[PDB]
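File shown: target-v1.cif. Contents: mmCIF, C-alpha atoms and all ligand atoms.
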data_coords
loop_
_atom_site.label_atom_id
_atom_site.label_comp_id
_atom_site.auth_asym_id
_atom_site.auth_seq_id
_atom_site.Cartn_x
_atom_site.Cartn_y
_atom_site.Cartn_z
CA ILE A 1 0.00 0.00 0.00
CA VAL A 2 1.41 3.37 -1.11
CA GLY A 3 0.27 6.53 0.69
CA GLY A 4 -1.74 4.67 3.33
CA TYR A 5 -1.64 4.48 7.10
CA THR A 6 -0.74 1.89 9.72
CA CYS A 7 -4.02 -0.01 10.34
CA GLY A 8 -3.39 -0.91 13.97
CA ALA A 9 -3.10 -4.48 15.28
CA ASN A 10 -6.13 -6.64 14.45
CA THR A 11 -8.30 -3.78 13.22
CA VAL A 12 -8.81 -5.67 9.94
CA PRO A 13 -9.72 -9.08 11.37
CA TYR A 14 -10.56 -10.83 8.04
CA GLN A 15 -7.15 -10.02 6.48
CA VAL A 16 -4.91 -13.06 5.90
CA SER A 17 -1.32 -13.42 4.77
CA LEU A 18 -0.53 -16.27 2.33
CA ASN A 19 2.87 -17.75 3.25
CA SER A 20 5.14 -20.18 1.35
CA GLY A 21 8.23 -19.54 3.54
CA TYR A 22 7.59 -15.79 3.24
CA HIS A 23 4.54 -13.57 2.69
CA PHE A 24 3.59 -13.46 -1.00
CA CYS A 25 -0.11 -12.42 -1.24
CA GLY A 26 -3.05 -11.33 0.84
CA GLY A 27 -6.48 -12.89 1.10
CA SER A 28 -9.80 -12.59 2.98
CA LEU A 29 -11.42 -14.97 5.42
CA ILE A 30 -15.04 -15.54 4.28
CA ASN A 31 -15.90 -18.28 6.76
CA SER A 32 -14.14 -20.46 9.35
CA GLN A 33 -12.68 -22.79 6.69
CA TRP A 34 -12.40 -20.74 3.45
CA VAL A 35 -10.25 -17.92 2.12
CA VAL A 36 -10.68 -15.92 -1.06
CA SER A 37 -7.62 -14.55 -2.89
CA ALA A 38 -6.49 -13.69 -6.46
CA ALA A 39 -5.93 -16.56 -8.95
CA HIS A 40 -2.62 -14.94 -9.94
CA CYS A 41 -1.52 -15.68 -6.35
CA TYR A 42 -1.82 -19.45 -7.01
CA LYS A 43 0.98 -21.66 -5.60
CA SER A 44 1.19 -25.15 -4.13
CA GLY A 45 2.30 -25.39 -0.49
CA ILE A 46 0.31 -22.44 0.93
CA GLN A 47 0.04 -21.79 4.66
CA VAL A 48 -2.67 -19.31 5.61
CA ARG A 49 -1.70 -16.95 8.47
CA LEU A 50 -4.58 -15.40 10.38
CA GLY A 51 -4.58 -12.79 13.18
CA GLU A 52 -1.36 -11.15 11.86
CA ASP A 53 -0.11 -7.66 12.38
CA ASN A 54 3.66 -7.77 12.26
CA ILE A 55 4.36 -10.68 9.86
CA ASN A 56 7.90 -11.06 11.22
CA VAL A 57 7.12 -11.27 14.94
CA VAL A 58 4.90 -13.77 16.82
CA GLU A 59 2.66 -11.37 18.75
CA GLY A 60 0.13 -13.82 20.23
CA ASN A 61 -3.05 -13.68 18.13
CA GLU A 62 -1.91 -15.68 15.11
CA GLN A 63 -3.38 -18.92 13.76
CA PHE A 64 -1.25 -20.72 11.16
CA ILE A 65 -3.25 -23.27 9.10
CA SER A 66 -2.21 -25.15 5.96
CA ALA A 67 -4.39 -25.17 2.83
CA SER A 68 -5.99 -28.56 1.97
CA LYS A 69 -7.33 -27.49 -1.43
CA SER A 70 -7.07 -24.54 -3.83
CA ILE A 71 -9.60 -23.83 -6.57
CA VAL A 72 -8.74 -21.27 -9.25
CA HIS A 73 -11.78 -19.82 -11.06
CA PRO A 74 -12.61 -22.10 -14.02
CA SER A 75 -12.37 -19.15 -16.49
CA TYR A 76 -9.25 -17.46 -15.10
CA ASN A 77 -7.11 -16.08 -17.96
CA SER A 78 -3.58 -15.30 -16.82
CA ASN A 79 -2.86 -12.99 -19.81
CA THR A 80 -5.79 -10.60 -19.32
CA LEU A 81 -6.32 -11.30 -15.57
CA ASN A 82 -10.03 -11.72 -16.28
CA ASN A 83 -11.67 -13.74 -13.44
CA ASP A 84 -8.70 -13.21 -11.06
CA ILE A 85 -10.17 -15.05 -8.11
CA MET A 86 -9.39 -18.23 -6.25
CA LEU A 87 -10.71 -20.07 -3.17
CA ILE A 88 -8.50 -21.79 -0.63
CA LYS A 89 -9.89 -24.35 1.84
CA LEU A 90 -8.15 -24.64 5.24
CA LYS A 91 -7.14 -28.06 6.67
CA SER A 92 -8.97 -27.14 9.92
CA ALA A 93 -11.49 -24.46 10.86
CA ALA A 94 -10.09 -21.22 12.21
CA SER A 95 -11.18 -20.11 15.68
CA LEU A 96 -13.28 -16.93 15.28
CA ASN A 97 -13.54 -13.91 17.74
CA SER A 98 -13.08 -10.04 17.49
CA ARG A 99 -9.46 -10.22 16.22
CA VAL A 100 -10.00 -13.07 13.68
CA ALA A 101 -13.38 -12.77 11.94
CA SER A 102 -14.93 -13.47 8.56
CA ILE A 103 -16.07 -10.76 6.17
CA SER A 104 -19.51 -10.95 4.55
CA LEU A 105 -20.05 -11.53 0.82
CA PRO A 106 -22.05 -8.74 -0.95
CA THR A 107 -25.70 -9.12 -1.96
CA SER A 108 -25.29 -6.30 -4.55
CA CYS A 109 -22.51 -4.57 -6.47
CA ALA A 110 -21.17 -1.30 -5.06
CA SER A 111 -21.48 1.93 -7.07
CA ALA A 112 -18.85 4.45 -8.25
CA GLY A 113 -18.28 6.91 -5.41
CA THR A 114 -18.52 4.34 -2.59
CA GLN A 115 -15.61 4.63 -0.15
CA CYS A 116 -13.76 1.38 0.58
CA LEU A 117 -10.95 0.07 2.78
CA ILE A 118 -8.03 -1.67 1.09
CA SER A 119 -5.32 -3.33 3.21
CA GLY A 120 -2.13 -5.38 2.93
CA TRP A 121 1.63 -5.88 3.46
CA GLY A 122 2.75 -4.88 -0.04
CA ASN A 123 5.28 -2.34 -1.25
CA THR A 124 4.88 1.17 0.11
CA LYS A 125 6.84 3.06 -2.58
CA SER A 126 5.84 4.06 -6.16
CA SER A 127 9.51 4.10 -7.16
CA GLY A 128 11.90 1.65 -5.51
CA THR A 129 11.05 -0.94 -2.84
CA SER A 130 10.16 -0.90 0.83
CA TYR A 131 8.06 -3.66 2.35
CA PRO A 132 6.45 -3.00 5.74
CA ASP A 133 6.29 -5.55 8.51
CA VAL A 134 2.91 -4.27 9.82
CA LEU A 135 -0.45 -4.10 8.01
CA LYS A 136 -1.15 -0.92 6.02
CA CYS A 137 -4.58 0.53 5.18
CA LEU A 138 -5.97 2.84 2.54
CA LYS A 139 -9.36 4.46 2.12
CA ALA A 140 -10.24 4.82 -1.54
CA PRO A 141 -13.37 5.43 -3.67
CA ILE A 142 -14.62 3.21 -6.48
CA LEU A 143 -14.19 5.02 -9.78
CA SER A 144 -16.73 5.20 -12.56
CA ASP A 145 -16.52 2.57 -15.32
CA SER A 146 -15.90 5.36 -17.84
CA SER A 147 -12.87 6.63 -15.86
CA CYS A 148 -11.60 3.12 -15.45
CA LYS A 149 -11.89 2.25 -19.20
CA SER A 150 -10.33 5.56 -20.19
CA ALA A 151 -7.32 4.84 -17.95
CA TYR A 152 -6.87 1.33 -19.37
CA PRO A 153 -8.29 1.21 -22.94
CA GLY A 154 -9.21 -2.33 -24.08
CA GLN A 155 -8.29 -3.95 -20.75
CA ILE A 156 -11.25 -3.57 -18.39
CA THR A 157 -13.82 -6.35 -18.42
CA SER A 158 -17.21 -6.51 -16.64
CA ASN A 159 -15.39 -8.49 -13.90
CA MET A 160 -13.17 -5.56 -12.89
CA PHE A 161 -13.48 -2.18 -11.33
CA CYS A 162 -11.05 0.68 -10.65
CA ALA A 163 -10.59 2.22 -7.21
CA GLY A 164 -8.18 4.89 -6.09
CA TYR A 165 -7.07 8.36 -7.20
CA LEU A 166 -6.49 9.52 -10.75
CA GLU A 167 -4.02 12.10 -9.33
CA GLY A 168 -1.78 9.23 -8.09
CA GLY A 169 0.14 8.98 -4.80
CA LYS A 170 -2.24 6.48 -3.14
CA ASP A 171 -2.75 2.88 -4.32
CA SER A 172 -2.31 -0.77 -3.60
CA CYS A 173 0.90 -2.40 -4.88
CA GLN A 174 2.92 -5.64 -5.40
CA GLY A 175 2.43 -7.89 -2.40
CA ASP A 176 -1.07 -6.53 -1.70
CA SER A 177 -2.45 -8.83 -4.42
CA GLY A 178 -5.23 -11.15 -3.30
CA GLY A 179 -6.20 -8.85 -0.37
CA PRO A 180 -9.60 -7.29 0.46
CA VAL A 181 -11.49 -4.24 -0.74
CA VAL A 182 -14.29 -3.78 1.77
CA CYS A 183 -17.11 -1.28 1.33
CA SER A 184 -19.95 -0.85 3.78
CA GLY A 185 -18.86 -3.97 5.66
CA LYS A 186 -18.93 -6.29 2.60
CA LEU A 187 -16.15 -7.76 0.47
CA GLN A 188 -16.46 -5.98 -2.93
CA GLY A 189 -13.01 -6.39 -4.44
CA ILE A 190 -9.78 -8.38 -4.55
CA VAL A 191 -6.49 -6.61 -5.23
CA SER A 192 -5.65 -7.70 -8.80
CA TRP A 193 -3.48 -5.43 -10.98
CA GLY A 194 -2.38 -1.96 -12.10
CA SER A 195 0.35 -0.33 -14.15
CA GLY A 196 3.08 0.33 -11.55
CA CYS A 197 1.68 1.71 -8.29
CA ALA A 198 0.25 5.10 -7.40
CA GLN A 199 1.01 6.55 -10.89
CA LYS A 200 -1.04 9.43 -12.31
CA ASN A 201 -4.05 8.24 -14.41
CA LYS A 202 -3.28 4.58 -13.52
CA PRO A 203 -5.55 3.57 -10.62
CA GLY A 204 -5.73 0.07 -9.10
CA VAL A 205 -7.86 -2.56 -10.80
CA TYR A 206 -9.82 -4.98 -8.62
CA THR A 207 -11.72 -8.23 -9.16
CA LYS A 208 -15.46 -7.48 -8.90
CA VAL A 209 -16.54 -9.94 -6.23
CA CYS A 210 -20.34 -9.37 -6.58
CA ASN A 211 -20.14 -11.21 -9.95
CA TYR A 212 -18.83 -14.39 -8.24
CA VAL A 213 -21.12 -14.86 -5.27
CA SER A 214 -23.01 -17.81 -6.77
CA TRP A 215 -19.81 -19.58 -7.80
CA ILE A 216 -18.31 -19.03 -4.34
CA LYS A 217 -21.43 -20.27 -2.54
CA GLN A 218 -21.86 -23.35 -4.77
CA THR A 219 -18.18 -24.20 -4.49
CA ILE A 220 -18.13 -23.90 -0.68
CA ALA A 221 -21.26 -26.06 -0.43
CA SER A 222 -19.71 -29.00 -2.28
CA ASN A 223 -16.07 -29.06 -1.23
CA CA B 1 2.89 -11.90 13.72
#

Would you give me this structure, written as structure tokens?
Amino acid sequence: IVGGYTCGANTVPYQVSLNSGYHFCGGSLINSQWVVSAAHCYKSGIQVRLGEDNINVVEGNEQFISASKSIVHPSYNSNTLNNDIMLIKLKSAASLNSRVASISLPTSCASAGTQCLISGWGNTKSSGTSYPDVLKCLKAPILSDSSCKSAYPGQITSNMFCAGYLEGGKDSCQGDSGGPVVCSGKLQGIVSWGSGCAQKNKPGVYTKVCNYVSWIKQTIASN
């Protein structure tokens, strides 16, 4: 997250870190046994880390649970990033309370102008590299589809939305991928892609979760 603020320990209780010997992607806890992330985050050998603030220090609220199964969206296209969404099932159910909690799926899509919270442990610089140890937060509005398509001609599908600032300076970044965009207490987006980070006229592009609710529910119910 570029241009954000330190969230505070366990203020974002549905945030997860995906770990394969090091943090590589974020994700969101949607119930006690399932996580949603970006398909471009796919790896074998994932451990899901819940209850994290500082990802380099054991602080006392963490739950570390291995993945038993990963399911990439059946129509994921790695060249266009269309359908950049994946589900991860945990080997055992997480223990839920105020500091580890699930986030609700949306019943409708959010409109341009809605303010949302984006969070993660990704790069905090638009030029160069600096990865934080503690979780960073950013408040950002959803942009209109027209703005979003004008910023990225020929690249925005119906499964994507833009959020952020056309002026630049504030954005998600590498390492935030897979993490949550929450608006009005519902999961509306997954950190997916962008051209660089926090560049003028190049806002973040997010997977539009409201288009996937039936797939997520059906998948959860049978696996
Ligand atoms: Ca920790």

Enclosing box along x, y and z for every listed atom of region 99-117 of chain A, padded 4 Å each side, centre and size in Å, one decimal, as lines of an AutoDock Vina configuration file:
center_x = -17.6
center_y = -3.3
center_z = 4.0
size_x = 24.2
size_y = 28.4
size_z = 32.5

Spatial sel., origin (-1.3, -22.1, 9.4), limit 7 Å, all atoms listed in the file, listed as a ChimeraX atom specification: /A:47-49,63-66

Emit the selected residues as a PDB file, keeping the file's coordinate frame, including C-alpha atoms.
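What landed in selection-v6.pdb:
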ATOM      1  CA  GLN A  47       0.040 -21.790   4.660  1.00  0.00           C
ATOM      2  CA  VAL A  48      -2.670 -19.310   5.610  1.00  0.00           C
ATOM      3  CA  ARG A  49      -1.700 -16.950   8.470  1.00  0.00           C
ATOM      4  CA  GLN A  63      -3.380 -18.920  13.760  1.00  0.00           C
ATOM      5  CA  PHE A  64      -1.250 -20.720  11.160  1.00  0.00           C
ATOM      6  CA  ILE A  65      -3.250 -23.270   9.100  1.00  0.00           C
ATOM      7  CA  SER A  66      -2.210 -25.150   5.960  1.00  0.00           C
TER       8      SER A  66
END

Contacts of region 155-164 of chain A at 7 Å (only C-alpha atoms; same-chain gap of 3+ positions) as a PyMOL selection string: chain A and resi 82-83+140-143+145+148-149+152+170-171+203-208+211

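The residues sitting within 7 Å of ligand CA 1 (chain B), with only C-alpha atoms and all ligand atoms considered, come out as residues 52, 53, 54, 55, 56, 57, 58, 59 and 62 of chain A.
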
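When all atoms listed in the file are used to measure the gap to residue 213 (chain A), the shortest distance among A:12, A:85, A:182, A:198 belongs to A:85.
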
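Nearest residue to residue 212 (chain A), choosing from A:128, A:194, A:180, A:106 and counting only C-alpha atoms: A:106.
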
Since the input is missing atoms, can you rebuild N, CA, C and O atoms for region 172-188 of chain A and write them as a short mmCIF file (atom, residue, chain, number, x, y, z; two decimals), in the coordinates of the input?
data_model
loop_
_atom_site.label_atom_id
_atom_site.label_comp_id
_atom_site.auth_asym_id
_atom_site.auth_seq_id
_atom_site.Cartn_x
_atom_site.Cartn_y
_atom_site.Cartn_z
N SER A 172 -2.90 0.49 -4.01
CA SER A 172 -2.31 -0.77 -3.60
C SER A 172 -1.08 -1.07 -4.50
O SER A 172 -0.80 -0.34 -5.47
N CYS A 173 -0.36 -2.13 -4.18
CA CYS A 173 0.90 -2.40 -4.88
C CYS A 173 1.29 -3.89 -4.82
O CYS A 173 0.58 -4.69 -4.23
N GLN A 174 2.41 -4.25 -5.44
CA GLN A 174 2.92 -5.64 -5.40
C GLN A 174 2.97 -6.15 -3.98
O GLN A 174 3.48 -5.45 -3.08
N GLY A 175 2.45 -7.35 -3.74
CA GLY A 175 2.43 -7.89 -2.40
C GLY A 175 1.09 -7.62 -1.72
O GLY A 175 0.79 -8.25 -0.73
N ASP A 176 0.30 -6.69 -2.23
CA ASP A 176 -1.07 -6.53 -1.70
C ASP A 176 -2.04 -7.43 -2.44
O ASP A 176 -3.18 -7.60 -2.02
N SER A 177 -1.59 -8.00 -3.57
CA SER A 177 -2.45 -8.83 -4.42
C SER A 177 -3.19 -9.88 -3.62
O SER A 177 -2.63 -10.46 -2.69
N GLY A 178 -4.43 -10.13 -4.00
CA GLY A 178 -5.23 -11.15 -3.30
C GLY A 178 -6.02 -10.58 -2.11
O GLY A 178 -6.97 -11.20 -1.68
N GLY A 179 -5.60 -9.43 -1.58
CA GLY A 179 -6.20 -8.85 -0.37
C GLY A 179 -7.55 -8.17 -0.62
O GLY A 179 -7.97 -8.03 -1.77
N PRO A 180 -8.21 -7.74 0.46
CA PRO A 180 -9.60 -7.29 0.46
C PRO A 180 -9.78 -5.82 0.07
O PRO A 180 -8.95 -4.97 0.37
N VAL A 181 -10.92 -5.58 -0.58
CA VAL A 181 -11.49 -4.24 -0.74
C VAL A 181 -12.85 -4.37 -0.13
O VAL A 181 -13.71 -5.05 -0.68
N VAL A 182 -13.04 -3.71 1.01
CA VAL A 182 -14.29 -3.78 1.77
C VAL A 182 -15.01 -2.42 1.77
O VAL A 182 -14.41 -1.36 2.05
N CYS A 183 -16.30 -2.47 1.47
CA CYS A 183 -17.11 -1.28 1.33
C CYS A 183 -18.40 -1.57 2.03
O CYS A 183 -19.03 -2.58 1.77
N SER A 184 -18.74 -0.70 2.98
CA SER A 184 -19.95 -0.85 3.78
C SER A 184 -20.02 -2.23 4.43
O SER A 184 -21.08 -2.85 4.50
N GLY A 185 -18.89 -2.72 4.92
CA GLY A 185 -18.86 -3.97 5.66
C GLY A 185 -19.00 -5.22 4.81
O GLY A 185 -19.22 -6.30 5.35
N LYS A 186 -18.86 -5.10 3.48
CA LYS A 186 -18.93 -6.29 2.60
C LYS A 186 -17.68 -6.38 1.74
O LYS A 186 -17.17 -5.33 1.30
N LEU A 187 -17.31 -7.62 1.36
CA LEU A 187 -16.15 -7.76 0.47
C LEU A 187 -16.56 -7.42 -0.98
O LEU A 187 -17.27 -8.20 -1.60
N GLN A 188 -16.09 -6.32 -1.55
CA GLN A 188 -16.46 -5.98 -2.93
C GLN A 188 -15.36 -6.23 -3.93
O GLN A 188 -15.64 -6.35 -5.10
#
